[PDB]
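What follows is one structure encoded as structure tokens, with my remarks underneath.
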Amino acid sequence: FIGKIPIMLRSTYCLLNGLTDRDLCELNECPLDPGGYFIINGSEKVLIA
Amino acid sequence: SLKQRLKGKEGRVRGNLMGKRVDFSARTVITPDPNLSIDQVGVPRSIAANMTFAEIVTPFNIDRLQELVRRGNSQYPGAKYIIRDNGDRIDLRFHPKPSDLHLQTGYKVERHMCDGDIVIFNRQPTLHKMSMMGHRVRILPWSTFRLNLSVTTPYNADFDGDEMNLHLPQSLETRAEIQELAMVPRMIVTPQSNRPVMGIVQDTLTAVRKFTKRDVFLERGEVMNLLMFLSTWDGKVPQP
Amino acid sequence: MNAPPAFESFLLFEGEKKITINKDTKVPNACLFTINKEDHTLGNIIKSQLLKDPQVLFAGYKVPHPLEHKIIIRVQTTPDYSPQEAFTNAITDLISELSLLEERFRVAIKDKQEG
Amino acid sequence: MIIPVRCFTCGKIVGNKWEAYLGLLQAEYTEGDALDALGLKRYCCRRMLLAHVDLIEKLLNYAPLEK
Amino acid sequence: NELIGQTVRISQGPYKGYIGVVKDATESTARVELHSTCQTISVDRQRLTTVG
Amino acid sequence: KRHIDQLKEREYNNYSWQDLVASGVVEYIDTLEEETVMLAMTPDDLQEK
Amino acid sequence: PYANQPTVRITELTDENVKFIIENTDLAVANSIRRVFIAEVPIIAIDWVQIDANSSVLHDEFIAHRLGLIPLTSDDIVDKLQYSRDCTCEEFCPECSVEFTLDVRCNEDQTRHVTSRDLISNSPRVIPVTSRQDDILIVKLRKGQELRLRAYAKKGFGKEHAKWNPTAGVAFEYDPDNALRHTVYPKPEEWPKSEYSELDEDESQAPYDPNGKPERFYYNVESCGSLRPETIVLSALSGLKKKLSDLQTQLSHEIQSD
Amino acid sequence: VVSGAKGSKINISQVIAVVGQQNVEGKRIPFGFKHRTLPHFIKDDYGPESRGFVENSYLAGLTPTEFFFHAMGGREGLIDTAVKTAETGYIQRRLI
Amino acid sequence: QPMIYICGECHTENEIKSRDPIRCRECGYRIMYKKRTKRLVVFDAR
Amino acid sequence: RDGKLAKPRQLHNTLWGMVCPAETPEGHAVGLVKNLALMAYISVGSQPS
Amino acid sequence: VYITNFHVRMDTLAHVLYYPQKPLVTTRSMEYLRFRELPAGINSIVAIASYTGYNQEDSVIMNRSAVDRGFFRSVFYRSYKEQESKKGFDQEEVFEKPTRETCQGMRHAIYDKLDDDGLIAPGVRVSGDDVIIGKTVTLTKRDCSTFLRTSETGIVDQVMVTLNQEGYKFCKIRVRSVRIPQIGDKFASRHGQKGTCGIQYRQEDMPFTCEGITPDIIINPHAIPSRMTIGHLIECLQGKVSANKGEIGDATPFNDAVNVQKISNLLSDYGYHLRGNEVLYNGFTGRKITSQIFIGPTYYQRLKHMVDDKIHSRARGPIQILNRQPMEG
Amino acid sequence: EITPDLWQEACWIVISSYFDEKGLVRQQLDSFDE
Amino acid sequence: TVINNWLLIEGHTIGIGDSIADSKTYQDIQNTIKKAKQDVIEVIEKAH
RNA sequence: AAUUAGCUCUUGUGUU
Ligand SMILES: [Mg+2]
Ligand SMILES: [Zn+2]
Ligand SMILES: [Zn+2]
Ligand SMILES: [Zn+2]
């Protein structure tokens, strides 16, 4: 073990990868959510390029 | 360090001495109202009910102040504090014993702001002397500052999200100073360029140009309807 | 937050009078009727009826502020005809007209409903 | 989110015509013909159905917080 | 005071049928915060009836 | 017309934007190369005689 | 110095709208009649809602607002109910209100369309407009969602809230041919003829009449379904007359004291 | 316009007749690319539409090139406001 | 005495005494929602 | 920020199809914060071997 | 509607409309932005006229009856968070209803609104200066309970209880509040024509067409010429065509198949004036207006800058500690 | 064959295909994946 | 007050119809644009 | 009657 790296949503290593609309709706996740952000301490953070 | 504490902006000299935060202030959105005289501002009920003006009890005005103290702080045209002459103050939000509600001559009553009170009305990018003018208060239902449009030019106001500040003078001397120096009608002509700063703007100007054309004719009904709106009318219908 | 209740537009409270008369002092035979909790619905019809009367020199009305619910009607009549008389006659004429229109509408509907 | 009960402008009841409108659209009617077949003359009412998105159908896809 | 914090209902007047909570009250009137509107009003206790 | 026809029936058989790139019809141009290129805003308007 | 004699002529009357023409009256009276149509015609609508259990996807105030807008058939009760401000009773009695109860529970998998037929009135003469085409949709429910509530409907007119507005559309119009020049067309040939235009296809507007007044006002009053349109018109006339008579009484009591 | 309430002759001319030449720093649109303003033109083109002249009016709509050029012309106003406010504030404070 | 919550996943109400770990008897879930109040709520349909 | 420079804030000719020519903050940071065009892509990087 | 599953998220400062509408006239680009699935704004019957003088300078006149029928009505959620934690050996916060005889520092705040858990319950009406979470820390105990923000006056939408990473109790409470479009609220078209509501008139007072069509929003003409938003006028014109014909209009930026002339020719086929003008009748007097008024459906939005979130006043409030001057904010 | 004046439909079919293949936040997801 | 009350009768508006030319002015504008384009083309030719 | 720093975002001044 080294440490924990946060994962931006809908990445290839995110749990919401390849899941269908029904799959996300069963998870209380909006299928229209673009992903593309991190969740740090329960807050949604985004990196400005 | 100590130098940083008073160096420049936000330091002691510029952030606490040349300019400070003040009591008896209000800040809301402004909206138009063409039914107000140019020296009036309409304030909502809650803002008036929250700010107080201290008034000295005298035999001339002891009955009215007694009634105001009776109304308490709940109903709007009431008072908030009653100050004895020995500095002691009584709060009217705690429904104290009626013996305390009794007031004599040398007392002060902090009554809610009512119609006719003098306030300084300001817009924050204060450039010239016409950005801090004095108005008379009028209480109005909804929750926005309302002001006649002729004065939107000195303030450079816009009615599209603009906010303006209201300061309530707290003493008779200060109120008299505002009334005698900085009332709106006294600032019509500016010393900057010896020309008016308030004029006729927008659709009032458009309609006055369309209204004084040669071929504009009015029948008696519409003439009477218009004459209903002259405050200075002498009641004599002109010969057609 | 500062929203007035809706019924404020048409409900009077304690100490509030429906109509008040004041004698205008600028000219003789003129009066100001200050009606509370009314709007253009009554002002316009009363003004028009007063304008029909040939003994009324002036008849106008106004609403001082759209957020305060009252109107002022100014009526100036010729001498030997008090403006109060003109006002009450105008009201009676409106009542007569409305009753006549109501009965004629009833008759016309009855005719239409049976071919 | 759901069909308004009344047209915002005139007040005509338009809240009972959403299902009929969808059915007429599915029955191979142009949107204009579907709207005028439901007795919506003034365009104020027409915009109420023509320019409405039914969002509650998606909202129903989530499981209830309580059961 | 007994009335403070009691769920009350207005029994008379243009506000008939509304429920609310008494925040501050006196021997003559009371202040009722309304459940349905975001406003607190003043009403005489004689039009007020305790609920529950 | 072949590309537009195959792409109109997309999301049914297999065919997508990536295959459109693969046939060498569209191309990724960056701003540095964009100096040496010469664009036509619209085909019919700016390529006829 | 006296009133004129208007005349009425209906050109169409259905269960939804009435088209008629009023003649020989002032514009002020006609416009006041229109505004009374829209504003001051007493009608019954839901105005008190208590929710015992809600688990739908809409918050409670959303549901209350949707309920308030539902039209209720109130043709003869409005004349018999009293205003809640006027009834000398504690809590709504049947003489000043009507009670509705709703209780819907969706157990089966298919979604439930909670509609206007789910409202159960305690008075047979005041029901939503489903007496005898789909229903006013209120909510959609999933499995395991329920909605239980009880409401009171009372009398009011449109000057308070638009839920008490009886009319759906009032099409007031006078002088279809611009003979009075009350509006000035920069180019009359670009303007379509009115529905009531007694003018040939050649010309665009009637010649100017220097001595003329607005006459022959055309109304097309379309009801929302609560009151029948002729009942709307009659109630409006009665209400206008009542307002004027009450004003006269108050003026008499003021004049006798001055 | 003639009432003086709002607008001016240039506003009417731009709405009806033509928007006109765009300018940045008092000059025509500079050659951001090598010897051309946009890739759609040929190198060393000093013609009107190449260097930032809008020949359409606001009613007819702007073609894409002149739309971009008009955006360039409009950006300088916001930039100038953002710098001028802070530049004049210190002037006025020192005068006071 | 005990307070009633509702679980996030299993949606089964459980009585949980004060000063107890926030957990569900089944599904060991960690998100609990409080239940609706019992006092009457009155909305005007305005 | 708080810089007297005005060249970086301006709309360069090279931002055609790359950066939106209209979306920018109006505050103290006008022209320094921008947004991508609709079809803009950003290269992720690859080895040149 | 910022996200479909907004009823699950415990965000701070969530706004959501009641009846968001798909735009009547749309650009082909927004199909891929999912704007038709999560729209933000309503098509409203906008008339460009100087009616009374309450819309003169970038102000608008709103139809009161429309607002009563749910026009632009919205709802505002606000979420609070609070967890009990072990401050130290002698200091330990805990959720519990304060008692009038065990806590030394106690104001006149009412604690009976929240139940014996120390938490408010869903459906309970709350207002400013009302405690929501009953939290006390031992000294015998001092108050540390949270309060609703001053001048909010909402209804508790939902309450959630869980554990943080280190296993302490932790509650998040979402409070909702319905906002009605009162005067002072801010509205904007899609072409930068922002303004605040000046006054609201009922359907009876607003001007009307030959039929009973009355504007929802009346804007001043003077907003147009100096700003030259001709796109606003063209969108208004094609809104009528889209509404009558029964199909969503196209406003793709560079089309050349759509111009004002063709739109006018289409409009004149539905019995209207080809330039979109109509004859309006004065609302108060019923008289015609000598100038035909431009009117049509246009898309408007409700910006989040509501007046009730900005109104502020002070008279001898709290004070700072360093320099005894009135606080900030 | 060439596509004359039936081009707006083709012009938007290709764009729709592009936006189906790659979303609107493709750069961020691709960068983090890499 | 007086002018704002008379505007209730007179009215005021602005629309698409206030931005249209009489289709003879459009010809003049197009001709002037073509003349200017020819002029600048000629000047560039002389510089060439 | 319970705190200060820092950072970010946003509003009005962008009239001509
Ligand atoms: Mg402004
Ligand atoms: Zn409608
Ligand atoms: Zn009763
Ligand atoms: Zn569980």
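In the structure tokens, chains take letters A, B, ... by order of appearance, with residues numbered from 1 within each chain and ligands from 1 in the order shown.
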Residues up to 8 Å from ligand 3, counting only C-alpha atoms (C1' of nucleotides) and all ligand atoms: could you list those as a PyMOL selection string?
chain G and resi 82+84+87-97
Expected selection as a list in words for ligand 2 within 7 Å, only C-alpha atoms (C1' of nucleotides) and all ligand atoms:
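If we count only C-alpha atoms (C1' of nucleotides) and all ligand atoms, the neighbours of ligand 2 turn out to be residues 7, 8, 9, 10, 11, 12, 42, 43, 44 and 45 of chain D.
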For the selection you just gave me, I'd like the residues written to a file as a PDB file, in the first residue's frame, keeping C-alpha atoms.
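After the write, selection05.pdb holds the following:
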ATOM      1  CA  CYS D   7     -52.416  28.064 -19.753  1.00  0.00           C
ATOM      2  CA  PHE D   8     -50.247  30.777 -18.250  1.00  0.00           C
ATOM      3  CA  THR D   9     -51.808  33.586 -20.303  1.00  0.00           C
ATOM      4  CA  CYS D  10     -55.544  33.042 -20.712  1.00  0.00           C
ATOM      5  CA  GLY D  11     -56.258  30.356 -18.113  1.00  0.00           C
ATOM      6  CA  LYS D  12     -57.682  27.681 -20.401  1.00  0.00           C
ATOM      7  CA  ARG D  42     -54.856  30.809 -29.578  1.00  0.00           C
ATOM      8  CA  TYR D  43     -51.111  30.301 -29.845  1.00  0.00           C
ATOM      9  CA  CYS D  44     -50.812  31.138 -26.148  1.00  0.00           C
ATOM     10  CA  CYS D  45     -52.323  27.724 -25.430  1.00  0.00           C
TER      11      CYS D  45
END
Which residues in chain E does DSSP call strand (DSSP E or B)? List them as JSON, numbers by chain.
{"E": [7, 8, 9, 10, 19, 20, 21, 22, 23, 24, 25, 29, 30, 31, 32, 33, 34, 40, 41, 42, 43, 44, 48, 49, 50]}
When you look at range 313-323 of chain K with a cut-off of 6 Å (counting only C-alpha atoms (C1' of nucleotides)), what residues show up, excluding the ones that are within fewer than 2 positions of it in the same chain? I need them as a CSV table (one decimal) with N, CA, C and O atoms, in the first residue's frame.
chain,number,residue,atom,x,y,z
B,23,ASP,N,-24.1,52.4,11.4
B,23,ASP,CA,-25.4,51.9,11.8
B,23,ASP,C,-26.5,52.6,11.1
B,23,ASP,O,-26.3,53.6,10.4
B,24,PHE,N,-27.8,52.1,11.2
B,24,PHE,CA,-28.9,52.7,10.5
B,24,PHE,C,-28.7,52.9,9.0
B,24,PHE,O,-28.6,53.9,8.5
B,25,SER,N,-28.5,51.7,8.4
B,25,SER,CA,-28.2,51.6,7.0
B,25,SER,C,-29.1,50.5,6.3
B,25,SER,O,-29.5,49.6,7.0
B,26,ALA,N,-29.4,50.7,5.1
B,26,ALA,CA,-30.2,49.7,4.3
B,26,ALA,C,-29.6,49.6,2.9
B,26,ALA,O,-29.1,50.6,2.4
B,51,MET,N,-35.4,50.0,11.3
B,51,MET,CA,-34.6,51.1,11.7
B,51,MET,C,-35.5,52.1,12.5
B,51,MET,O,-36.7,52.3,12.2
K,325,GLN,N,-16.5,48.3,15.9
K,325,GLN,CA,-17.3,48.9,14.8
K,325,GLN,C,-18.2,47.8,14.2
K,325,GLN,O,-18.0,46.6,14.4
K,326,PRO,N,-19.3,48.2,13.6
K,326,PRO,CA,-20.3,47.3,13.2
K,326,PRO,C,-19.7,46.3,12.2
K,326,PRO,O,-18.9,46.6,11.3
K,327,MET,N,-20.2,45.0,12.3
K,327,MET,CA,-19.6,43.9,11.5
K,327,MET,C,-19.8,44.1,10.1
K,327,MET,O,-20.5,45.0,9.6
Excluding residue 3 in chain E and its own-chain neighbours fewer than 2 positions away, which residues fall within 8 Å of it when counting only C-alpha atoms (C1' of nucleotides)? Please give them as a PDB file with N, CA and C atoms, in the first residue's frame.
ATOM      1  N   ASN E   1     -45.455  32.151  29.463  1.00  0.00           N
ATOM      2  CA  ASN E   1     -46.853  32.253  29.062  1.00  0.00           C
ATOM      3  C   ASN E   1     -47.316  30.943  28.436  1.00  0.00           C
ATOM      4  N   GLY E   5     -45.711  29.082  21.560  1.00  0.00           N
ATOM      5  CA  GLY E   5     -45.316  27.806  21.002  1.00  0.00           C
ATOM      6  C   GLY E   5     -46.442  26.837  20.741  1.00  0.00           C
ATOM      7  N   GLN E   6     -47.689  27.259  20.925  1.00  0.00           N
ATOM      8  CA  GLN E   6     -48.851  26.402  20.733  1.00  0.00           C
ATOM      9  C   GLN E   6     -49.350  26.518  19.301  1.00  0.00           C
ATOM     10  N   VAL E  22     -47.629  30.554  17.593  1.00  0.00           N
ATOM     11  CA  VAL E  22     -47.491  31.812  18.316  1.00  0.00           C
ATOM     12  C   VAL E  22     -46.046  31.975  18.761  1.00  0.00           C
ATOM     13  N   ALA E  25     -46.662  36.888  22.444  1.00  0.00           N
ATOM     14  CA  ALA E  25     -48.052  37.226  22.701  1.00  0.00           C
ATOM     15  C   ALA E  25     -48.145  38.145  23.910  1.00  0.00           C
ATOM     16  N   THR E  50     -56.401  27.308  20.222  1.00  0.00           N
ATOM     17  CA  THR E  50     -55.298  26.361  20.317  1.00  0.00           C
ATOM     18  C   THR E  50     -55.671  25.039  19.660  1.00  0.00           C
TER      19      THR E  50
END
Distance cut-off 9 Å, counting only C-alpha atoms - which residues of chain J neighbour chain L? Return them as a ChimeraX atom specification.
/J:38-39,41-45
Next, dump the selected residues to file, keeping only N, CA and C atoms, as a tab-separated table (two decimals), in the first residue's frame.
chain	number	residue	atom	x	y	z
J	38	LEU	N	-17.18	24.08	-29.59
J	38	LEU	CA	-17.95	22.84	-29.47
J	38	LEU	C	-17.13	21.64	-29.91
J	39	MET	N	-16.46	21.73	-31.05
J	39	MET	CA	-15.76	20.57	-31.59
J	39	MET	C	-14.27	20.61	-31.30
J	41	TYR	N	-10.83	19.74	-29.50
J	41	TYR	CA	-10.27	18.61	-28.79
J	41	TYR	C	-8.87	18.99	-28.36
J	42	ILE	N	-8.39	18.38	-27.29
J	42	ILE	CA	-7.07	18.67	-26.76
J	42	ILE	C	-6.25	17.39	-26.80
J	43	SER	N	-5.11	17.44	-27.47
J	43	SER	CA	-4.29	16.25	-27.65
J	43	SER	C	-3.82	15.72	-26.30
J	44	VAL	N	-3.86	14.40	-26.15
J	44	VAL	CA	-3.51	13.78	-24.89
J	44	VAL	C	-2.03	13.41	-24.81
J	45	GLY	N	-1.36	13.26	-25.94
J	45	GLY	CA	0.07	13.01	-25.95
J	45	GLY	C	0.40	11.57	-26.29
Near residue 17 in chain H, within 12 Å and counting only C-alpha atoms (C1' of nucleotides), which residues show up once chain neighbours fewer than 4 positions away are dropped, as a ChimeraX atom specification?
/H:9-13,54-61 /M:19-21,23,25-33
Exercise: residue 14 in chain A partners within 12 Å, only C-alpha atoms (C1' of nucleotides), chain neighbours under 4 positions left out, as number ranges by chain:
A: 5-10, 18-19, 35-39; L: 29, 32-33
Mind pulling up the distance from CA of residue 19 in chain K to CA of residue 27 in chain A?
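If I compute the distance from CA of residue 27 in chain A to CA of residue 19 in chain K, I get 26.0 Å.
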Please, which residues have at least one atom within 8 Å of an atom of ligand 1, using only C-alpha atoms (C1' of nucleotides) and all ligand atoms, listed as number ranges by chain?
B: 157-162; N: 12-13
Grab me every residue within 8 Å of ligand 4, counting only C-alpha atoms (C1' of nucleotides) and all ligand atoms, and send it over as a list in words.
residues 6, 7, 8, 9, 10, 11, 12, 13, 23, 24, 25, 26, 27, 28 and 29 of chain I
Show me, as number ranges by chain, the residues that have an atom within 12 Å of residue 48 in chain E when counting only C-alpha atoms (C1' of nucleotides), minus same-chain residues fewer than 4 positions from it.
E: 3, 6-13, 15-22, 25, 28-32, 42-44; G: 90-91
Using the chain letters and numbers from this document, which residues of chain A does DSSP assign to helix (DSSP H, G or I), as a PDB file with N, CA and C atoms, in the first residue's frame?
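Once written, result38.pdb looks like this:
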ATOM      1  N   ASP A  21     -28.389   3.355 -18.786  1.00  0.00           N
ATOM      2  CA  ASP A  21     -29.263   4.324 -18.136  1.00  0.00           C
ATOM      3  C   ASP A  21     -30.014   3.691 -16.973  1.00  0.00           C
ATOM      4  N   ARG A  22     -30.542   2.482 -17.171  1.00  0.00           N
ATOM      5  CA  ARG A  22     -31.205   1.770 -16.085  1.00  0.00           C
ATOM      6  C   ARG A  22     -30.243   1.497 -14.940  1.00  0.00           C
ATOM      7  N   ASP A  23     -29.005   1.128 -15.264  1.00  0.00           N
ATOM      8  CA  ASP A  23     -28.027   0.821 -14.228  1.00  0.00           C
ATOM      9  C   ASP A  23     -27.748   2.037 -13.359  1.00  0.00           C
ATOM     10  N   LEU A  24     -27.576   3.205 -13.979  1.00  0.00           N
ATOM     11  CA  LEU A  24     -27.323   4.418 -13.211  1.00  0.00           C
ATOM     12  C   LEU A  24     -28.556   4.851 -12.431  1.00  0.00           C
ATOM     13  N   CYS A  25     -29.735   4.774 -13.053  1.00  0.00           N
ATOM     14  CA  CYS A  25     -30.954   5.166 -12.357  1.00  0.00           C
ATOM     15  C   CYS A  25     -31.207   4.288 -11.144  1.00  0.00           C
TER      16      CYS A  25
END
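All chain G residues having an atom within 10 Å of chain I, based on only C-alpha atoms, amount to residues 45, 46, 47, 48, 49, 50, 51, 52, 53, 54, 55, 60, 61, 62, 63, 64, 65, 66, 67, 68, 69, 150, 151, 152, 153, 160, 161, 162 and 163 of chain G.
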